[PDB]
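Peer 1:
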Amino acid sequence: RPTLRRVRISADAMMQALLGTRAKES
Amino acid sequence: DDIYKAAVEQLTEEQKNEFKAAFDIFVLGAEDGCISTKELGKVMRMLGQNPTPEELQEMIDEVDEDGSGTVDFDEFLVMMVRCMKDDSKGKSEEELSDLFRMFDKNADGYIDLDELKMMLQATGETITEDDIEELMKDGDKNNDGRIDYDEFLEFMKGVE
Amino acid sequence: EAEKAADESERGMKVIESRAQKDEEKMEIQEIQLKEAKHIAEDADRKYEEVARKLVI
Amino acid sequence: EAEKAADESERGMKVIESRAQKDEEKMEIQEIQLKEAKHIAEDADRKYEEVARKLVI
Amino acid sequence: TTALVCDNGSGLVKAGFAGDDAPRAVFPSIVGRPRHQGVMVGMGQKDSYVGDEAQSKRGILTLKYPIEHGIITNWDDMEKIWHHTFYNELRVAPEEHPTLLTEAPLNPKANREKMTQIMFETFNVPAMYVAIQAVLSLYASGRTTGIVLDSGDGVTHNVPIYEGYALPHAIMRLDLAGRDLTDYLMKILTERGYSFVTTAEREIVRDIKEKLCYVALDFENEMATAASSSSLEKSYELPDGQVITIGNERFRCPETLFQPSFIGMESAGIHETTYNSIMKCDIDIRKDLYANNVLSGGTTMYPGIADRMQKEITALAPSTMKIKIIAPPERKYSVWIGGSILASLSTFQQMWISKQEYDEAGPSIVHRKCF
Ligand SMILES: Nc1ncnc2c1ncn2[C@@H]1O[C@H](COP(=O)(O)OP(=O)(O)O)[C@@H](O)[C@H]1O
Ligand SMILES: [Ca+2]
Ligand SMILES: [Mg+2]
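What follows is the structure in structure tokens.
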């Protein structure tokens, strides 16, 4: 039985969400 | 896996220095000099993404073979690019299965390494006998002297 | 009028300074306990992982 | 003279009260984080003890 | 496209796209109208707060669950809950996504037919399929046999399965579940002085039950110990202060599961309805069911239940058989993980109830071949 993951959302979006306002270049 | 190793080998010092600066900016104040499994998971939860701690353990086992839970530069970039899993579905299954079945030109149910040798001669990529030997070891799990069809699925599993 | 205003200003400054020092102490102790708890959590997670692997074996 | 003194005291009082209120809010956030850390620590401790007992059995 | 694996449940609605590990949005299923008058003008006060929003304004609301025991008693509120789930917690219009609801065994037909009629007429989904809540929990464990005890919050049901062939004559559905345990805990707390009456304070009692209660390995010894020492009294801080101390109410609340005579129910506990469900099966598959007993559902998360249940069944069962109780750490979302796995299968892709089929046979299509 294979497993599918949608938890791994786009990594650029993850970087943006973490850096918050300071997410300007990354 | 080594897929991300190939992806970062495709990448250059631009990505290296970009992620180095990202470390300097966000991991600033951390006493680690790397990124830990727990630190990465907690930071992800802080931003909103909530992967499982079992995924943290899996990723740390993958990139950090020593089990330290940290990320050496190469394995650090591998772990960082592991988050964005754009390429999935591993190419095609049945058509590639037919290609591998016809690869057994002798049609004995056995894939000789010399057929692989001829096909690689066609490819001509920079490879020595030890390199193809190591690749077959990665493929010939049961060490039956051939490329097993189930092992053909295994080594091409997820491979685009 | 000025006398009354000065008295009220002095009292307000006193109470605000007291509350500010209380807040600084609370922030310091909160940070200390927070860091200690996070380290304990890391230790517990590591122990859990190790014992789980041994249990599977 | 008294008017000038009163106005200066008023401005100092307002700015110090504002800074105290902001630091108090951040202290409340820190306390919330500490509570979450406490919960995580307790849950992980229960995990570890349960797994160890099962391994012994 | 991707399928929507919704799971109505009773107490927590769990939803998310098919193929993931955990539900995307989990929130209580309560709809609470305000009850006081309201004097501020222009505050933007709505007429009904649903989902997790009504767990923050619960001080001035009258929360009421739209699902009593598996069955749905208030269809307008359930429609509101579904609308919220689709549009605000997932933000995907249902016009472009198949749905996979879940339903308890032995439920009234009209409930299921109304559910499919709503999904096809109001939300206008492309295709929906209804699955029994226990088969999914068996999917998630990666087994293919085993008898699964899915003690949810509404209803506890016990479906035995062998080699993929369900045994319809051995399903034992019992209506004791988490909600009755909450009510019984709220009723025995009054023996110390703490009175919780309002429908909002039921949530506080639920939190007490989740955080403090545990299942005793042996009931009489615990009752004797708690009556002599004071090593059990754990305290808890209400939403306003005034900490409370729970004594032997800790293991008496979840003990109702194994002795339903506490809340006046006649039937036998969850330790004996499993053995009865096994004994109704054929004589040759009892060993496999004994060895693969599966736990699921929220209420089976009490600390120390996987040992009490094993001790009880070992007492009942023959001495030679091995009794093993599968209690995965991801118990709460086991049904939804199984639902995701089932919706992600290629073999299952032609079992959906397509809309044209519903247009030709009406809502009674669900009882037909497309089960
Ligand atoms: N950690 C826990 N410990 C004890 N009881 C719990 C815990 N989590 C949930 N519960 C109980 O289980 C119920 C949730 O059950 P759930 O599986 O969500 O029901 P459903 O099958 O309707 O989804 C809650 O009402 C609560 O009483
Ligand atoms: Ca060959
Ligand atoms: Mg359920």
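Going down the list, the sequences are from chains I, H, L, M and E. Plus 141 on top of the position in the first sequence (first one is 1) and you've got the entry's author numbering. Plus 1 on top of the position in the second sequence (first one is 1) and you've got the entry's author numbering. Plus 114 on top of the position in the third sequence (first one is 1) and you've got the entry's author numbering. Plus 114 on top of the position in the fourth sequence (first one is 1) and you've got the entry's author numbering. Plus 4 on top of the position in the fifth sequence (first one is 1) and you've got the entry's author numbering. Ideal Cβ positions, reconstructed from N, Cα and C, are used throughout, including at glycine.
1. Considering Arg37/E, what are the terminal residues of the beta strand (DSSP E) in which it resides?
2. Apart from the five residues on each side of it in sequence, which residues of its chain come closer than 7 Å, Cβ to Cβ, to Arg83/H?
3. Out of curiosity, what's the CA-to-CA distance linking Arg46/H and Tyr279/E?
4. If you measure from the CB of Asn107/H, is any heavy atom of ligand 4 nearer than 7 Å?
5. What are the start and end residues of each continuous beta strand (DSSP E) run of 3 or more residues lying completely inside the segment 148-231 of chain E, in chain order?
6. Let me see if you follow: with CB-CB separation under 8 Å, is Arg149/I close to chain H or not?
7. What runs of the beta strand (DSSP E), each 3 residues or longer, lie entirely inside the segment 55-113 of chain H?
8. If the cut is a Cβ gap below 7 Å, which residues of chain M does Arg133/L touch?
9. Under 7 Å Cβ to Cβ from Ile248/E, same chain only, skipping five residues before and after it: list those, please.
10. For the beta strand (DSSP E) that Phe31/E lies in, which residues bound it at each end?
11. Quick check: the Cα distance between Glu145/L and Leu148/M, rounded to an integer number of angstroms?
12. What residue ranges within the segment 266-346 of chain E form continuous beta strand (DSSP E) runs of no fewer than 3 residues, ordered along the chain?
13. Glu163/L touches chain H at which residues, Cβ-Cβ below 7 Å?
14. Grab the span of the beta strand (DSSP E) containing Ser239/E for me, first residue to last.
15. Assuming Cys217/E contacts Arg183/E under a Cβ cut-off of 8 Å, what Cβ separation, rounded to an integer in Å, is found between them?
16. Please tell me whether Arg39/E and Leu65/E are closer than 8 Å, where the distance is taken between their beta carbons.
17. Is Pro54/H close to chain L, meaning its C-beta is less than 8 Å from at least one C-beta of that chain?
18. Does the beta-carbon distance from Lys92/H to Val160/H come in below 8 Å?
19. Just reading off the beta strand (DSSP E) that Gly74/E is part of, what are its end residues?
20. In its own chain, which residues sit with a C-beta less than 6 Å from the C-beta of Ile341/E, not counting the 5 before and 5 after it?
21. Quick check on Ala23/H - is its C-beta less than 8 Å from some C-beta in chain I?
22. Heavy atom of ligand 3 less than 7 Å from the Cβ of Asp184/E, yes or no?
23. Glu145/L CB to nearest chain H CB: under 8 Å?
24. Sort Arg177/E, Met44/E, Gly146/E by Cα distance to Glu107/E and report the nearest one.
25. Would you say the beta carbon of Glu152/H comes nearer than 7 Å to a heavy atom of ligand 2?
26. Relative to the C-alpha of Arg28/E, which residue among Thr144/I, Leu159/I, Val148/I, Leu160/I is closest?
27. Can you name the start and end residues of the alpha helix (DSSP H) that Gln135/L belongs to?
28. Check the Cβ of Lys39/H against every Cβ in chain L and list those closer than 9 Å, keeping chain order.
29. Does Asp25/E come out as helix, strand or coil in the three-state DSSP assignment?
30. According to the Cβ coordinates, are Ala134/M and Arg133/L closer than 8 Å?
31. What is the C-beta distance between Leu8/E and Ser33/E, in whole angstroms, given that I count them as a contact (C-beta under 8 Å)?
32. Would you say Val44/H faces chain I, with C-beta separation under 8 Å as the test?
33. Please list the residues of the segment 336-367 of chain E that have a C-beta atom closer than 9 Å to any C-beta atom in chain I, keeping them in chain order.
34. Please decide whether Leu145/I counts as near chain E, where near means a Cβ-Cβ distance under 8 Å.
35. Identify whether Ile4/H lies in helix, strand or coil by the three-state DSSP scheme.
Peer 2: According to the structure shown:
1. Start and end: 35-38.
2. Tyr5, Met60
3. 43 Å
4. Ligands displayed in this structure: ligand 1, ligand 2 and ligand 3; ligand 4 is not among them.
5. 150-155, 160-166, 176-178
6. yes
7. If we require 3 residues or more, the segment 55-113 of chain H turns out to have no beta strand (DSSP E) run fully inside it.
8. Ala134
9. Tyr198, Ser239, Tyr240, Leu242
10. 29-31
11. 8 Å
12. Correct list: 297-300.
13. The answer, in chain order, is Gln58.
14. 238-242
15. That belief does not hold up - the Cβ atoms of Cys217/E and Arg183/E are roughly 14 Å apart, past 8 Å.
16. yes
17. yes
18. yes
19. First-last for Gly74/E: undefined, no H or E at that position.
20. The beta carbon of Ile341/E is closer than 6 Å to those of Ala144 in its chain, skipping five residues each way along the sequence.
21. yes
22. It does not: the Cβ of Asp184/E is nowhere closer than 7 Å to a heavy atom of ligand 3.
23. no
24. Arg177/E
25. no
26. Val148/I
27. 116-170
28. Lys152, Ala155, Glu156, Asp159, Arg160
29. coil
30. yes
31. At roughly 16 Å, the Cβ-Cβ gap does not stay under 8 Å, so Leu8/E and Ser33/E are not in contact.
32. Contacts with chain I at 8 Å (Cβ-Cβ) include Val44/H.
33. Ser344, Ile345, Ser348, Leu349
34. yes
35. helix
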